[PDB]
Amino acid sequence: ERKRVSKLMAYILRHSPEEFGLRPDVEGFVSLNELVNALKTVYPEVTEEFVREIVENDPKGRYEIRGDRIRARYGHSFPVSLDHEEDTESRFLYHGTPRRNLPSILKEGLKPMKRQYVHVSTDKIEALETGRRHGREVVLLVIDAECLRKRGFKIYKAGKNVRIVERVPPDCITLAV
């Protein structure tokens, strides 16, 4: 039940709020009341406290509540003005992806694709688990974070391990494992 409701929250908060009549503010927030009411049209037993539980217990840091408003911290496919802190300390960052994507990435770098930002991770396991969602022969990309910063692509702390960055040029990918 938690996972099914969380997946619908991510759909609403990252991709298609307008399908439920919701319009996030410029920071990506909708009111908690609005979200609960939207979830109840699919899952009527859902309550504000069950959503609050999902947010508190989420292992990746998917969601953020500020008072009576809630957003997804990352993953959006519509423009959002996020106020996340910059990651200045990480030396290496990681991105897992199916091997089938590697030829394009070596030419183009990582691109945000359908999302606003490229997503990477401080954590090798999480990076690989993310890649495995997409396919079977996952490669672990090692990314030189200082290479990104030097080129004006600041990295932001979007989640426990999740990091977002405008893009990753291929010169900043040091290894594919």
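From 1 onward, residues are counted along the sequence shown.
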| field | Mean temperature factor over C-alpha atoms, higher-scoring stretch between 29-37 and 127-135 | value | 29-37
| Per the entry, higher mean C-alpha B factor between 156-164 and 18-26 | 18-26
| query | Which one, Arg62, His119, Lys111, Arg66, has the peak C-alpha temperature factor per the PDB entry? | reply | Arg66
| query | According to the PDB entry, is the CA B factor of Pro103 in the bottom, middle or top third of its chain, that is, lowest, middle or highest? | reply | middle
| Which third of the chain holds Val5 when residues are ordered by C-alpha B factor: lowest, middle or highest? | highest
| query | Lowest, middle or highest third of the chain for the C-alpha temperature factor of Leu148? | reply | middle
